[PDB]
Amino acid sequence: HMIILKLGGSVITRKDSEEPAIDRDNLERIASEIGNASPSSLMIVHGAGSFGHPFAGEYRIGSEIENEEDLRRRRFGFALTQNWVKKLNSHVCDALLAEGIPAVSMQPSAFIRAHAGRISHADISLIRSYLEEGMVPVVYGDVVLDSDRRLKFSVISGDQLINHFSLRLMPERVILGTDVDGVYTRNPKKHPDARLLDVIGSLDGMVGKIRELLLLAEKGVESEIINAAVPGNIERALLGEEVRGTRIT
């Protein structure tokens, strides 16, 4: 009766970044909520937010590579980015453990490959054993090697992970905790008449997310998008007591 839950990198990281930083209050609270609901089976994915975007964008990870001088620089940037995202994960696991959750991380760059930006290989047997042993596996948006020889590496997002693993683990619920209430007709931060959709079916950042999810819903698994920045929402979603959000179908 398993649940897969994504924590958007925007909810748990802070952008007013001298350096990358946790949103400690959002993080410790969400952990508390995961503890209070105590799901029977759980897997978590989290976005990188300020520990990821800034570095991978600086180095253009996932973009064609023109010359050997590009290449040498990007190879360094892949490594620097992977360490930054690992440090966020270690904060993540700190907060979970602090709440008694046996969070076990699985670094995507150590067992996942991409081809042209799409997950090409992911071992799922180890994740399954962690789940079987009663642990909480935690994956996260990360940089991975890309067998497309123009690219060499890609960023695999929290959202591709949620899609790839929910397809294959066939969880009962897929919950995406984001920093807005749901999907809207329009970017509700640029458009005053954006309306909150309670369910989605086609196209009618956050677009990226929906495209990914629409692949998943089309294979018969539905997800829910809720605001994690709103107290209790994670705890209620994990309890199965409907919350404000959008279902993708």
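One rule holds for the numbers: they count along the sequence shown, beginning at 1.
In terms of unmodelled positions of the deposited sequence, the stretch from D204 to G205 in this entry skips 10 or more residues. Comparing 67 to 75 with 90 to 98, the higher mean C-alpha B-factor in the PDB entry belongs to 67 to 75.
The deposited model assigns a higher average Cα B-factor to 25 to 33 than to the other stretch when 25 to 33 and 46 to 54 are compared.
Ranked within its chain, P188 lands in the highest third, by CA B factor from the PDB record. When the CA B factors of the chain's modelled residues are split into thirds, the value for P39 lands in the highest one. In this PDB entry, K219 carries a Cα temperature factor that places it within the middle third of its chain's modelled residues.
Per the deposited record, the Cα B-factor of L5 falls in the lowest third when ranked against the other modelled residues of its chain. Among all modelled residues in its chain, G208 ranks in the highest third by Cα B-factor.
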